[PDB]
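Everything on this sheet refers to the single structure shown next.
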Amino acid sequence: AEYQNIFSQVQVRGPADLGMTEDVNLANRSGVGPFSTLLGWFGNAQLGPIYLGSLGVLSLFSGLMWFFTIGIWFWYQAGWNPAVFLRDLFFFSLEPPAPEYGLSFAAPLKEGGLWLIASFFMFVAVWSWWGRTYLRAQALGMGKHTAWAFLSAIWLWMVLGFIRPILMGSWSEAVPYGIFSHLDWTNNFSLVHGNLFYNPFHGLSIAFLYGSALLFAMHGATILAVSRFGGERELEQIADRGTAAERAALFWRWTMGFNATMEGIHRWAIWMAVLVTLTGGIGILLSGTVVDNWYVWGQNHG
Amino acid sequence: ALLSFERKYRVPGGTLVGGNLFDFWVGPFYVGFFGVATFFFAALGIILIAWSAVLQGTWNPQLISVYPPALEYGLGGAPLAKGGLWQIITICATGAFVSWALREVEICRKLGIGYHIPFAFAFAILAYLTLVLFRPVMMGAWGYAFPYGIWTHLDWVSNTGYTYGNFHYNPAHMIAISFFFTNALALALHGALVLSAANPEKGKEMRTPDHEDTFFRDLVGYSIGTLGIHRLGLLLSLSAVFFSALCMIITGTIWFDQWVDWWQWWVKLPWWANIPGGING
Amino acid sequence: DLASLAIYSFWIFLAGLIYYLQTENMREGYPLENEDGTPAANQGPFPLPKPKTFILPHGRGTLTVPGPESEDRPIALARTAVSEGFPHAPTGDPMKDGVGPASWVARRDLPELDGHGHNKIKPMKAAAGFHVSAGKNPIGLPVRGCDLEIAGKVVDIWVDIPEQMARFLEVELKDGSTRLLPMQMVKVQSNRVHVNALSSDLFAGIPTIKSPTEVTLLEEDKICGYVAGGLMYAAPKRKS
Ligand code: BCL
Ligand code: BCL
Ligand code: BCL
Ligand SMILES: CC[C@H]1c2cc3[nH]c4c(c3C)C(=O)[C@H](C(=O)OC)c4c3nc(cc4[nH]c(cc(n2)[C@@H]1C)c(C(C)=O)c4C)[C@@H](C)[C@@H]3CCC(=O)OC/C=C(\C)CCC[C@H](C)CCC[C@H](C)CCCC(C)C
Ligand SMILES: CC[C@H]1c2cc3[nH]c4c(c3C)C(=O)[C@H](C(=O)OC)c4c3nc(cc4[nH]c(cc(n2)[C@@H]1C)c(C(C)=O)c4C)[C@@H](C)[C@@H]3CCC(=O)OC/C=C(\C)CCC[C@H](C)CCC[C@H](C)CCCC(C)C
Ligand SMILES: COC(C)(C)C/C=C/C(C)=C/C=C/C(C)=C/C=C/C(C)=C/C=C\C=C(C)\C=C\C=C(/C)CC/C=C(\C)CCC=C(C)C
Ligand SMILES: COC1=C(OC)C(=O)C(C/C=C(/C)CCC=C(C)C)=C(C)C1=O
Ligand SMILES: CCCCCCCCCCCC[N+](C)(C)[O-]
Ligand SMILES: CCCCCCCCCCCC[N+](C)(C)[O-]
Ligand SMILES: CCCCCCCCCCCC[N+](C)(C)[O-]
Ligand SMILES: CCCCCCCCCCCC[N+](C)(C)[O-]
Ligand SMILES: CCCCCCCCCCCC[N+](C)(C)[O-]
Ligand SMILES: [Fe+3]
């Protein structure tokens, strides 16, 4: 049988690649991590370097704090018993204040205040991480598409934990930190708003989620199929169209009657993906604030 | 009718059936034997849906719905107006999809490219077939399949899910979801990264793939590379669907109770089942 | 009703997004042509976008698209029918002429360059200190084509420096010259490298490179197009 380019046949390695300098503060870059032959069957063998820096440290410390706040609470629920900890790991849950506290920071530690502390650390972890995606692109002179994309994920996140609770007038509306409990919250959210299948924004979010898998399956398969002409060297095919980019366009023109370009497929990609959490965040944000019951709304469109 | 670069590729050859008989295009579209098969299957299927619509007495696209046989018919035939149309339309659908994939193969062969695309598509077909064919058969009735209608297929998802409690607890479903979310994540990042290189800050030169690796190493300490990301997007999205099909083919067959109870196997493990405290003691 | 407004607005936004995306995707290959190369009458409902310019690194210039399109090479094909929509038969040897699945594009006759302005792809021997790190080392193996005859032997691997990956095998023929074979078109086995795309008599015809330690974008296109073309055009001498 023909080779399929799913896994490499032969790996090669040379000096650790320390990357491009441009305007990056090099004092803030680590050295190179190890080389993973395992990884290199599929992708790159090299680990690191990574860029540290002040924002980086803040974000990581903050993220750990969020993680350790939830896990401390979990140990407490476990009665400090390691065997109960593991047994009940997916059952534990750090839950937001009760409705009676509204938006106040007045809830007791054990009954909501700790949820707020974990949430506070999460907020600075994510935003400073967002700042990192902007700044690393800037230092390299690149466009800001990453940070613009990330912002669409942030939007659903912010709607769920922050903006929708504030508009609803209480932290009790927010999502609990737990494996099983976040899932129960999701089922409940839908039940209580008359079935999210009737929310047109949920249905769009689905079209886009499924569309992402359709599209990445299409694009990933297309590139692999023309990798025998260097198709995956996409930036150079943008600059100087090759037979890869042409055979790829024509596969699709002949199949379904239209096609993209090397650059433009990446625009279909970025939008198909960001539109998941946008549409999504809109549909959630409208739930309970403007529309109490999607089935009901859907009976009127109004 | 042709892209500026297109004529050199429009040579004869690559067909699987019929030699030169259907080796031609209509505008942009390649035909082939499977182009003809697709048209026949799709057309018959679409006609039968319009007939189903007449017998239902509606033309509204939001109301038209073609239902499989009621559970009492088991795995046998049903009068047209009562499940038979569904059954024929399903055969047409299947014919159309498999024909589409095989036309894609004819196209690959003419273009001298790999078969990755029709291979990927065959995952989607397999998933559709899981729901309309493999699962209904294993469960003993067509009536377990979803109906063809815009809102009624959603009623089916909701009803089917809530048959087993909160369907979130299906562990294969959890994996499938994880692949879907991760796929959208990787898609956003891939799109964004290429574009950020190709479209750099105002007045600067196009960044290189070395800048692409750099940005990702700077960000998270790793970069899968340009081959790797396309391998990845494919793996993630096919995995998502493999697990979707899995999660449903096991549901109503090997597992048919409330999915949340499946998780008890872990809590009830002898060495900790009876230690008090926590949530489950 | 605010949610009604939002949804109606969203669909207007999406119509505009799709128009934007489709027109972005027309920066290459348009305007559409008839089979004879002249502009087709029906260009469809989407108009070409305003051009944009990419600044290429390393003094290589710019690229503005959409721009005037032309093949910049002869296409040895002829019509097989008196009306539109049929295939075009090769007028000579389609492998030699570079049409059909053997097609190449007239890309720049310079090497792709890395972010430092060095040649992106080099023979491993000239790449300090790149080496095989996992898998069967193909260097030294006999190379077999789809006729099950030996065509030559692997004398090096050409690697992508910045991405640390194997791109071509360099294969020495009976006459002592070499050819590049794309990594994606070979099966490395324990005792041989196997090439399904070419019979052994087609190796000599693989397009040669002009300088023995670099390869240009144009040369990559010819080599790859030619090897892939063998799937269709070598099929008489295969045989598995
Ligand atoms: C996949 C698991 C479940 C499922 C659960 C859901 C849920 C949940 C939702 C949908 C939604 C959709 N589903 Mg469904 N649905 C399934 C089976 C399918 C099948 C099939 C197997 O043949 C089809 C054609 C559809 C099609 C549809 C679309 C009407 C709608 C948007 C999908 C989308 O953008 O996808 C992504 C792919 C693209 C972006 C490509 C575009 C192709 C689409 C637009 C094709 C539509 C065809 C449709 C009108 C059929 C007409 C047939 C004609 C006779 C030819 N579903 C099974 C049973 N589906 C959403 C909706 O809003 O429904 C009202 C939604 O919330
Ligand atoms: C019983 C369940 C209800 C329902 C209730 C809900 C609810 C509630 C919601 C969804 C939402 C969604 N649903 Mg629904 N869902 C229903 C049934 C379906 C079905 C189906 C039946 O087949 C499908 C396919 C979907 C599909 C989807 C998605 C389209 C959408 C979420 C997209 C997303 O990427 O979010 C995942 C992405 C994020 C959550 C963003 C992540 C943000 C960033 C900032 C993450 C930071 C994390 C970091 C700190 C963690 C650190 C770890 C690191 C490794 C270090 N639903 C039924 C009817 N659905 C969401 C939505 O938008 O709805 C409109 C949502 O809120
Ligand atoms: C109340 C409802 C239940 C629920 C009940 C179920 C049920 C029931 C099912 C799922 C399934 C899915 N659910 Mg669930 N699930 C819920 C909550 C969610 C949530 C969430 C965030 O809460 C999410 C993300 C999901 C996500 C998942 C996915 C893993 C999976 C659907 C994708 C898929 O099967 O693709 C597979 C893709 C296809 C089947 C499409 C194939 C179509 C191809 C071959 C061709 C179509 C072509 C043609 C007609 C197009 C027209 C041509 C035009 C020219 C365009 N569910 C809640 C708890 N879920 C489904 C699943 O796994 O199915 C296998 C499923 O059956
Ligand atoms: C547009 C929609 C899709 C999307 C987009 C998206 N997500 C993204 C990006 C974008 C483009 C960003 O660029 C950003 C990113 O950097 O990706 C690499 C991100 C991101 N999305 C992430 C996850 C994520 N995204 C979500 C999904 C989605 N993201 C959507 C499907 C989800 C889901 C589906 O629930 C998850 C969970 C992260 C990988 C990253 C944001 C990272 C972040 O905000 O960090 C904050 C917190 C920390 C930095 C540390 C947290 C603590 C950890 C639990 C500790 C364990 C590891 C630790 C790093 C070890 C270090 C120890 C040292 C002391 C040695
Ligand atoms: C496997 C990963 C993902 C994936 C990949 C994938 N899909 C594929 C392919 C690939 C690689 C393409 O090659 C192929 C394509 O050409 O894309 C542009 C395709 C394709 N995926 C498509 C749709 C699609 N894919 C979906 C999902 C997925 N596809 C997965 C998530 C979905 C979802 C998520 O619901 C849909 C709706 C088409 C755009 C296309 C295949 C088009 C095709 O087969 O055309 C031939 C048949 C017709 C022209 C119509 C036939 C009409 C029927 C006979 C009657 C209708 C019956 C139907 C069952 C009724 C449904 C009613 C609904 C309301 C439920
Ligand atoms: C073994 O023991 C160790 C030490 C290792 C500890 C182990 C750790 C463990 C087991 C912890 C596991 C953590 C888990 C299970 C986390 C799961 C969280 C989930 C599933 C999150 C899901 C949704 C989260 C959302 C939507 C959160 C949204 C948050 C915001 C938008 C932030 C809002 C901020 C608020 C409310 C504060 C506002 C304050 C100001 C500044 C006004
Ligand atoms: C923009 O494209 C992307 C890459 O950037 C070049 C990546 O590298 C990755 C990261 C993928 C993996 C496998 C991380 C896990 C591997 C390790 C380090 C154990 C993703 C998702 C991606 O989208
Ligand atoms: C989401 C991907 C996560 C990647 C994990 C991070 C690996 C980079 C570690 C580099 C550390 C280098 N070191 C150990 C020599 O200092
Ligand atoms: C995220 C990627 C993880 C990659 C792990 C996959 C390893 C599979 C290696 C298979 C290689 C087979 N072989 C020996 C022919 O090379
Ligand atoms: C990148 C653009 C691709 C656009 C895909 C659009 C899919 C349309 C699906 C209709 C959703 C139906 N509804 C009622 C939930 O809005
Ligand atoms: C959602 C279904 C829409 C399918 C989009 C594909 C349209 C391609 C039509 C090709 C016709 C080209 N033209 C006008 C030059 O003949
Ligand atoms: C969200 C999917 C929408 C895809 C359909 C829109 C494009 C239709 C076909 C574009 C026309 C091709 N043409 C005539 C310019 O060659
Ligand atoms: Fe790509």
Side-chain angles (χ1 to χ4, degrees), chain A residues 190 193-211 214 256 275 279 282-283 286-287 290-302, chain B residues 38-71 73 78-97 100 124 128 131-132 136 142-162, chain C residues 1-15 17-18:
Chain A
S190 173
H193 303 271
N195 190 351
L196 277 193
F197 281 163
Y198 290 112
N199 181 168
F201 289 104
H202 181 261
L204 282 167
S205 195
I206 287 165
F208 292 120
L209 184 72
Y210 289 170
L214 170 52
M256 67 176 170
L275 279 175
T279 67
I282 287 160
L286 285 170
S287 288
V290 171
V291 178
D292 276 319
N293 188 312
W294 288 103
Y295 171 75
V296 163
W297 179 89
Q299 281 294 310
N300 300 289
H301 334 261
Chain B
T38 305
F39 177 88
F40 163 80
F41 288 125
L44 208 214
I46 287 143
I47 288 157
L48 294 178
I49 289 163
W51 193 19
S52 181
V54 170
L55 302 168
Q56 193 183 336
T58 185
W59 275 123
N60 196 321
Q62 287 195 74
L63 304 176
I64 297 164
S65 182
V66 186
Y67 286 97
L71 295 168
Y73 292 95
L80 264 26
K82 280 137 133 349
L85 280 178
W86 186 93
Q87 284 181 323
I88 304 158
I89 293 165
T90 292
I91 293 160
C92 284
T94 299
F97 301 160
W100 193 263
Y128 161 76
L131 300 175
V132 303
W142 301 120
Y144 286 130
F146 66 94
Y148 303 146
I150 267 83
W151 289 102
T152 63
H153 94 296
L154 262 54
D155 290 340
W156 178 101
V157 174
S158 200
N159 288 165
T160 296
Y162 279 115
Chain C
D1 167 39
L2 182 55
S4 268
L5 181 70
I7 192 58
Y8 169 90
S9 298
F10 180 82
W11 278 104
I12 285 157
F13 158 83
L14 178 66
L17 179 62
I18 284 174

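In the text below, chain A, chain B and the rest are named by the order of the sequence lines, each starting its count at 1. Computed over heavy atoms, backbone and side chain alike; hydrogens, waters and symmetry mates excluded.
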Exercise. Do other residues, nucleotides or ligands put more than 12 heavy atoms under 6.0 Å from B:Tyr162 OH?
Worked result: yes

Can you list, pair by pair, the side-chain donor-acceptor contacts under 3.5 Å of residues 59-67 of chain B, counting residues two or more places apart and other chains?
{"unit_1": "B:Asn60", "atom_1": "OD1", "unit_2": "B:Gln62", "atom_2": "N", "d": "2.9"}
{"unit_1": "B:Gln62", "atom_1": "OE1", "unit_2": "B:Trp151", "atom_2": "NE1", "d": "2.8"}
{"unit_1": "B:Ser65", "atom_1": "OG", "unit_2": "B:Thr152", "atom_2": "OG1", "d": "2.7"}

Exercise. What distance do A:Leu286 atom CG and A:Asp292 atom CG have between them, rounded to the nearest 0.5 Å?
Worked result: 12.0 Å

Exercise. Would you say A:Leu204 and A:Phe201 make side-chain contact, with heavy atoms under 4.5 Å?
Worked result: yes

Seminar exercise, completed: Closest non-hydrogen contact found for B:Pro147 with B:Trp156 is CD-CB, 3.6 Å

Exercise. For the residue pair B:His153 and B:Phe146, does the interplanar ring angle fall in the parallel (under 30°), tilted (30 to 60°) or perpendicular (over 60°) class?
Worked result: tilted

Problem set entry | Separation of A:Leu209 CG from A:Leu214 CG (nearest 0.5 Å) | 11.5 Å

Problem set entry | Worked verdict on B:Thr160 versus B:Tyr144 for side chain to side chain donor-acceptor pair (under 3.5 Å) | CA-CA 9 Å; B:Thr160 296; B:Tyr144 286 130; over 6 Å; no

Seminar exercise, completed: On a heavy-atom basis, the closest approach of A:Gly302 and C:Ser4 is N-OG, 4.1 Å

Exercise. Which heavy atom of A:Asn199 sits nearest a heavy atom of A:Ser287, and at what distance?
Worked result: OD1-OG, 3.6 Å

Exercise. From B:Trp142 CH2 over to B:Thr90 OG1, what is the distance, rounded to the nearest 0.5 angstrom?
Worked result: 8.0 Å

For this session: Of all the heavy-atom pairs spanning B:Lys82 and B:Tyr73, show the shortest one and how long it is.
Result: O-CE1, 4.2 Å

Problem set entry | Side-chain touch A:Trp297/A:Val290, heavy atoms, less than 4.5 angstrom | no

Exercise. Distance from B:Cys92 atom SG to B:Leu48 atom CG, nearest 0.5 Å?
Worked result: 5.5 Å

For this session: First locate atom CH2 of C:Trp11, then atom CG of C:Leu17, and finally report the distance between them rounded to the nearest 0.5 Å.
Result: 12.0 Å

For this session: Check whether any side-chain heavy atom of A:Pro200 sits under 4.5 Å from a side-chain heavy atom of A:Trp294, and report yes or no.
Result: yes

Exercise. Does anything in residues 38-58 of chain B pair up under side chain to side chain donor-acceptor pair (under 3.5 Å), and if so which pairs, sequence neighbours excluded?
Worked result: none

Problem set entry | Close side-chain approach of B:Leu55 and B:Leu85, heavy atoms under 4.5 Å | yes

Exercise. Can you check whether B:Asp155 reaches A:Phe197 side chain to side chain, under 4.5 Å on heavy atoms?
Worked result: no

For this session: Could you pull out the closest heavy-atom pair between A:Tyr295 and A:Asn293, with the gap in Å?
Result: N-OD1, 3.1 Å

Exercise. Which heavy atom in B:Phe41 sits nearest to a heavy atom in B:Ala96, and how many Å separate them?
Worked result: CB-N, 3.5 Å

For this session: Give the intermediate values and the outcome of side chain to side chain contact (heavy atoms under 4.5 Å, CB included) for residues B:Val132 and B:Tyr148.
Result: CA-CA 11 Å; B:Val132 303; B:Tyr148 303 146; 3.6 Å; yes

Exercise. In Å, rounded to the nearest 0.5 Å, how long is the span from CZ of B:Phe40 to CG of B:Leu44?
Worked result: 5.0 Å

Exercise. Under 3.5 Å, side chain of A:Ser190 to main-chain N/O of A:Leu196, donor-acceptor pair present?
Worked result: yes

Exercise. Are side-chain heavy atoms of B:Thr94 and B:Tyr128 found at a separation under 4.5 Å?
Worked result: yes

